[PDB]
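**Student:**
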Ligand SMILES: NC(=O)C1=CN([C@@H]2O[C@H](COP(=O)(O)OP(=O)(O)OC[C@H]3O[C@@H](n4cnc5c(N)ncnc54)[C@H](OP(=O)(O)O)[C@@H]3O)[C@@H](O)[C@H]2O)C=CC1
Ligand code: SF4
Ligand code: SF4
Ligand code: SF4
Ligand SMILES: [Zn+2]
């Protein structure tokens, strides 16, 4: 169940020869030279990308139905499950009486990218999408409104739908 | 003066020397970026521990109220030109600990931030993208042309 | 995608856009809600 | 012995570290919260709540978020009964307004009253 | 009740109750209550003036041998007049067990320190003074360990707000990091998540 | 007034003070301090810059999110000015170089651009205009600086009859060119000066007092159309001022009774007109109101000269106290 | 009403501790000004200490004033050893906050603060 | 079909547009105002109405588990078409 | 694996082990990046009969802690538990 780590003329001469002639130092140098002659694992960014998964948590997006009509139904589960309180929702019924949203703001400098909103959405409207290269220069640009989220959804629908099709049976 | 501006922008952007200023999870993500998988050193990016010989500073982690004078002094000891890259969500807007009593709500209040990198933690490929965006920002600088116009 | 194309939709962008930060096409935040409380406009008729 | 006698009111405003303006100008409220009339459960009206008043909440210049200046705007305290709530309110020097609890009157429900013979309590439909 | 219900152990419950009777009979001067929880964890509630003569017993008796101090915690309950609930967690390696020793104190009542028994408390209760305000008597080096140097007030008290009273920002006017009254860009949205129905029947308090 | 510009909050960082300011030439010294004082009240600031964006980065942490809007503008392009001041309700003018560059002489930095800004602001219906001029602005002066300042303030008063012209006497601060110049000409040699500087009277005024007066003039509706005279609370001879400046620096004083360094490709160290302006006495304006008419506490030099000139001491005298210096002699 | 004392048996001993703390602070104000390169006079710091001592001079409980003496000792130990910064010492002197209104008319003009 | 307020700003689908005297329009100078050009109401308006052969009809939005929860719509009325609560699709009866 | 045989032998000699047997760089031997869809199994209580919730509730079976002694014969000295048994030395790699 347990073991004792570090509990251990020819041998004395071998130790003295290792002292004077540096046997184990030569061994360590040989391993260093072994690692010199291998193929380095540097991938050619940005022309090459690291491996990922269809479950990758990236940029927030708002999806749509396959008829043009938006998916969010103003149920406020995402802002109730959000651990960082980064989601602000204000809702009202529009002209046709459909329960939709008027303000859907995500503070992306508050968001912790944990995917609770993408799993608490009953109609799969909000999705933590796949995009990770969305660094900005100003603080206000990382403060998405509803129009930016809808534009991101219409931008990345062609792969978000495929990722959902690939992953939805594990949920 | 247009071509001399093109020269010194190439010299500064291809030999960026960051400083070893990490604080939290995001520091381990930076160390993962500096691994052989992504290899910051291929871009002319070699870690230097002293603020007096550093070009940029990547603030990784949560900046608390006990840490703001230290970050301010470290930034004030860096020679010009200097750029600050915010990282994660803690150094962006507080992130998870935005409403806490002892967390600065974004490190913009202490130092002027040039490049915002979003994530928690941001992926090392995204961080490389942010550093390349900073390099492209350095490339389009117009110092000597503006000096000639003035 | 040459052998497995994505499904065609009417709202999918026909052209991809790179990161537009630092350009005159960058995103700025704004509220999407109207005026919350209206204001009493005074009448234009003389008070006499 | 190892004990002393102190015959003064407990005032710990100087050790809680709160600023002065949030001591004399804040009116606390000690009350039993009313039941939400949309529901029928009475578990939420079991313990006394000590709260404070509501200060200004203006719109943000960016998106009209609820920007506030009161640090005590989200302070809700729970006490078992009234006397400890009053003692805690007077211990920190907070001037308080106390509302007594409102126990509902025990009604006299009769199922046979809907089927009376010489009374107005005859129901019209069932 | 097999697959989704936690199994119940009764031999450990009986042994912990027997050890609780043993402790409550050996020390009747300070021990007030002994209770064994449903998941087989012993709790001893004693007087504050008997913090030190109890703990050394649990560190030196051959039948207890609780040689490790795992965690030391204070809990703020504003209902009671002794709002601070000091909790010592002890671990015995020879008997492979865990015990909990609980006591109470208010703001102005000092508690005898435990650095003469467990040296780890040399930090632990010190952090308690940084967070709640419980003063510990005869501490060797008592100073704030977690909060800021100029911080006034104890943050872990329940009457202290979530966001503090001061926030820091850099000022070019004085070239200094200064503290200003707190003004949040967005208010912390308080959520009412308590269901108004009776939670558990077995934990029903008697009414007035 | 509109509901978006109604004041709100406790006057903190994230509050709304209802002030939309266009600070022209905010990248400098007074512009930096005015932007810092405006950003702590929570006011919308529009900063148009002529230099590189990086040099404006120090203006970023002084305000909240979106409270400072950086813009591109030209001194000879009125369309950029109209883009800048179309939405502001107060426009502050601080534009001025101490030396003539290759393209911009003194006339087109002191006369043409404030007239253009005033005309554009009057066309856009800007309610409040604040202009900064010089106290010693004389049409019959000995320097081009003061003459062009006089013509510029005359044109500002004529174009905008409701313009608040404010004339600081001599601003000193952390990044100024008045005490710093006096401490920096010790590098040249034995501090050259005309007639030992015993004939000219100078009244320096602290920068924080000027910024507070500008803020109060923005707030007060009774300051429109006036001509304030921001004058410090004390009068010093030039010899005694140099005495005090070298006294707080703990440098030995070896005096003796300018165009050579004005032709450098860098920022010039000194000019001829700077030498003319140093030996120009402060005018006395008892009729015009000062900083005491705006509720501003005037700060004398004795508590701020050490603050300004601490950086010029070596480490031999880096541990001196505030009170261990004999102060200057008043007149 | 019977309480456990900490250090002070009566009010006289607590006042003795208060005087000792004020003596130590008045001693260490010039070294705090000189060492931190504070840009204020010694009189400003000493009268700041006097202002704080007069501000906390409304307490009649021996335990509360004893805890105040202890916390002053913590501040003195954090000042005597260089654990603070320039900003931590300068946080007492509020230099960035504008003067708040105090009369009723000005507060009525500003906002809804009662 | 975006409408243009005569201040120059486009109008979002929520009806928000800054007034001509609003100072906050200065946040849009030198930059652009981002607004979705795919209006949801004008994209669901032209979707045809389906005639079903029963009194009630079940709608899940299509895709099975990829859509909304399944809701049953009654078409007893002969005046208004039964519109889905989630997807906005409307069904009717041929009688 | 795109290296010549002499470099292979030099690496094997200088490291002292067969490096090409266990490479640290991934190749075709790993699982494919796309997979067929699965069919997830069900839990134990997805029945239709004899599955009343009251007979398998976990939260409702929690009891309040039992008070042993409350302040409102020659009993043997007891222990919290039997003493921990002596650990056995590992027969696989005893390091001895
Ligand atoms: N010595 C003093 O401090 C005194 C100053 N004044 C007046 O006070 C005001 C503010 O002073 P101060 O802060 O010290 O001055 P600065 O020289 O420090 O700042 C001048 C500012 O105006 C800009 N600017 C200058 N010329 C032009 C131009 N032709 N076109 C566009 N922008 C221009 C500069 O931009 P950039 O350099 O980035 O191109 C800079 O931001 C000025 O009007 C000055 O004349 C009055 C009395 C004494
Ligand atoms: S991913 Fe998590 S933190 Fe981010 S918005 Fe969704 S729920 Fe909130
Ligand atoms: S959970 Fe989904 S449907 Fe509900 S409010 Fe959020 S995005 Fe809309
Ligand atoms: S942003 Fe997230 S990953 Fe980075 S330090 Fe904060 S909590 Fe950790
Ligand atoms: Zn449907």
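Protein chains in written order, with the entry's author numbering: chain 9, 1 to 8, 14 to 176; chain 6, 30 to 179; chain i, 98 to 145; chain c, 8 to 133; chain 5, 7 to 214; chain d, 1 to 257, 267 to 340; chain g, 14 to 127; chain b, 1 to 95; chain h, 1 to 72, 89 to 112.
Here a beta-carbon is modelled for each residue, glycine too, at the ideal position from N, C-alpha and C.
1. Taking 7 Å as the cut-off, is the C-beta of residue 132 (chain 9) nearer than that to any heavy atom in ligand 2?
2. Closer than 7 Å: is that where the CB of residue 125 (chain 6) sits relative to any heavy atom of ligand 4?
3. Output needed in chain order: residues of the region 70–98 of chain g with a Cβ under 9 Å from some Cβ in chain c.
4. What are the boundary residues of the alpha helix (DSSP H) that residue 95 (chain c) is part of?
5. Would the C-beta of residue 89 (chain b) count as close to ligand 5, meaning under 7 Å from any of its heavy atoms?
6. For the putative contact between residue 40 (chain b) and residue 162 (chain 9), defined by C-beta atoms under 8 Å, what is the C-beta separation to the nearest angstrom?
7. So with CB distances below 9 Å, who are the chain 9 contacts of residue 167 (chain 6)?
8. So residue 95 (chain 5) packs on residue 76 (chain 5), CB below 8 Å; how close in whole Å?
9. Using only the alpha-carbon positions, how far apart do residue 148 (chain 5) and residue 63 (chain 5) sit?
10. What first and last residue would you give for the beta strand (DSSP E) that runs through residue 91 (chain 5)?
11. Can you give me, in chain order, the residues of the region 35–61 of chain h that have a beta carbon less than 9 Å from any beta carbon in chain 5?
12. Is the Cβ-Cβ distance between residue 5 (chain d) and residue 23 (chain d) less than 8 Å?
13. Near residue 151 (chain 9), what residues of its chain come up, given a Cβ to Cβ distance below 6 Å and the 5 sequence neighbours on each side ignored?
14. Is the Cβ-Cβ distance between residue 271 (chain d) and residue 279 (chain d) less than 8 Å?
15. So if I measure from each beta-carbon to every heavy atom of ligand 4 and keep distances below 5 Å, which residues remain?
16. Report the option in 207 (chain d), 217 (chain d), 25 (chain d), 210 (chain d) whose CA atom is closest to the CA atom of residue 341 (chain d).
17. Among the candidates 17 (chain 5), 179 (chain 5), 193 (chain 5), 197 (chain 5), whose CA atom is the shortest distance from the CA of residue 71 (chain c)?
18. For residue 34 (chain c), which of 60 (chain c), 84 (chain c), 112 (chain c), 116 (chain c) has the nearest alpha-carbon?
19. Taking C-beta pairs closer than 8 Å, name the residues in chain b that residue 172 (chain 9) reaches, listed in chain order.
20. Closer than 5 Å is what we want: which residues have a beta carbon that near any heavy atom of ligand 1? List them in chain order.
21. Can you check whether the CB of residue 141 (chain 5) is closer than 8 Å to the CB of residue 82 (chain 5)?
22. List the endpoints of the continuous beta strand (DSSP E) containing residue 100 (chain 9).
23. What are the start and end residues of the beta strand (DSSP E) that includes residue 136 (chain 6)?
24. What is the residue span of the alpha helix (DSSP H) that residue 99 (chain g) lies within?
25. Of all Cβ atoms in chain d, is any one closer than 8 Å to the Cβ of residue 6 (chain 5)?
26. Give me, in chain order, the residues of the same chain whose beta-carbon lies closer than 6 Å to that of residue 203 (chain d); leave out the 5 immediate sequence neighbours on both sides.
27. Three-state secondary structure (DSSP) at residue 42 (chain 9)?
28. Helix, strand or coil for residue 12 (chain 9) per DSSP?
29. Which residue or residues does DSSP assign as beta-bridge partners of residue 34 (chain c)?
30. Could you tell me the alpha carbon to alpha carbon distance between residue 29 (chain 9) and residue 16 (chain h), rounded to whole angstroms?
31. With a CB to CB cut of under 6 Å and the five nearest residues on each side skipped, what residues in its chain are close to residue 79 (chain 5)?
32. Near residue 71 (chain 5), which residues of its chain fall below 7 Å by C-beta distance, leaving aside the five closest residues on each side in sequence?
33. Please tell me whether residue 59 (chain b) and residue 73 (chain b) are closer than 8 Å, where the distance is taken between their beta carbons.
34. Could you check how far apart the C-beta atoms of residue 135 (chain 9) and residue 165 (chain 9) are, in whole angstroms? I think they sit under 8 Å.
35. Check whether the Cβ atoms of residue 106 (chain d) and residue 145 (chain d) sit closer than 8 Å, and answer yes or no.
36. Taking 7 Å as the cut-off, is the beta-carbon of residue 118 (chain 9) closer than that to any non-hydrogen atom of ligand 2?
**Tutor:** With the given structure in hand:
1. No, since every heavy atom of ligand 2 falls outside the 7 Å radius drawn around the Cβ of residue 132 (chain 9).
2. Yes, ligand 4 has a heavy atom inside 7 Å of this Cβ.
3. Along the region 70–98 of chain g, going in chain order, the ones with a CB nearer than 9 Å to a CB of chain c are 71, 72, 73, 74, 75, 76, 77, 78, 80, 81, 84.
4. Run containing residue 95 (chain c): 89–98, per the alpha helix (DSSP H) assignment.
5. Distance from the C-beta of residue 89 (chain b) to the nearest heavy atom of ligand 5 is below 7 Å.
6. Residue 40 (chain b) to residue 162 (chain 9), Cβ: 14 Å. No contact.
7. Simply none; closest approach about 12 Å.
8. About 4 Å separates the two Cβ atoms, so the contact holds.
9. So the alpha carbons of these two residues sit roughly 25 Å apart.
10. From DSSP, the beta strand (DSSP E) with residue 91 (chain 5) extends over 90–98.
11. So the list reads 43, 44, 45, 55, 56, 57, 58, 59, 60, 61, given in the order they occur along the chain.
12. Contact: no.
13. Only 109 meet the Cβ criterion.
14. Taking a C-beta distance under 8 Å as the contact criterion, residue 271 (chain d) and residue 279 (chain d) qualify as a contact pair.
15. The filter returns 53 (chain 6), 54 (chain 6), 55 (chain 6), 90 (chain 6), 117 (chain 6), 118 (chain 6), 119 (chain 6), 124 (chain 6), 149 (chain 6), 150 (chain 6), in chain order.
16. What the structure shows of chain d is the stretch from 1 to 340, and residue 341 (chain d) is not part of that stretch, so it cannot be assessed.
17. Residue 193 (chain 5) holds the alpha-carbon nearest to the alpha-carbon of residue 71 (chain c) among 17 (chain 5), 179 (chain 5), 193 (chain 5), 197 (chain 5).
18. When only C-alpha atoms are compared, the closest one is 60 (chain c).
19. The contact set of residue 172 (chain 9) on chain b, defined by CB atoms closer than 8 Å, is empty, because the minimum CB distance reaches about 11 Å.
20. Here the residues come out as 25 (chain d), 27 (chain d), 28 (chain d), 29 (chain d), 30 (chain d), 50 (chain d), 51 (chain d), 75 (chain d), 94 (chain d), 95 (chain d), 96 (chain d), 97 (chain d), 104 (chain d), 109 (chain d), 132 (chain d), 134 (chain d), 171 (chain d).
21. The Cβ atoms of residue 82 (chain 5) and residue 141 (chain 5) lie no closer than 8 Å to each other.
22. Counted as a single uninterrupted DSSP element, the stretch harbouring residue 100 (chain 9) is not any beta strand (DSSP E), since DSSP gives it neither H nor E.
23. Segment: none, residue 136 (chain 6) is in no beta strand (DSSP E) and carries neither H nor E.
24. Segment 99–103, the alpha helix (DSSP H) holding residue 99 (chain g).
25. The first residue shown for chain 5 is 7 and the last is 214, placing residue 6 (chain 5) beyond what the model contains.
26. If the five residues before and after residue 203 (chain d) are omitted, its C-beta is found closer than 6 Å to the C-beta atoms of 169, 231, 232, 235, 291, all from its own chain and listed in chain order.
27. In the three-state DSSP reduction, residue 42 (chain 9) falls in the coil class, being neither helix nor strand.
28. Coordinates for residue 12 (chain 9) are simply not present: the residues of chain 9 run from 8 and resume at 14.
29. BP columns for residue 34 (chain c) point to 102 (chain c).
30. Each residue's Cα considered, the two are about 12 Å apart.
31. Closer than 6 Å at Cβ, skipping near neighbours: 93.
32. Closer than 7 Å at the Cβ level, and outside the excluded window around residue 71 (chain 5), lie 98, 100, 101.
33. Closer than 8 Å, so yes.
34. Confirmed, about 7 Å.
35. It is a contact, given that the beta carbons lie within the stated cut-off.
36. Under cutoff, so the answer is yes.
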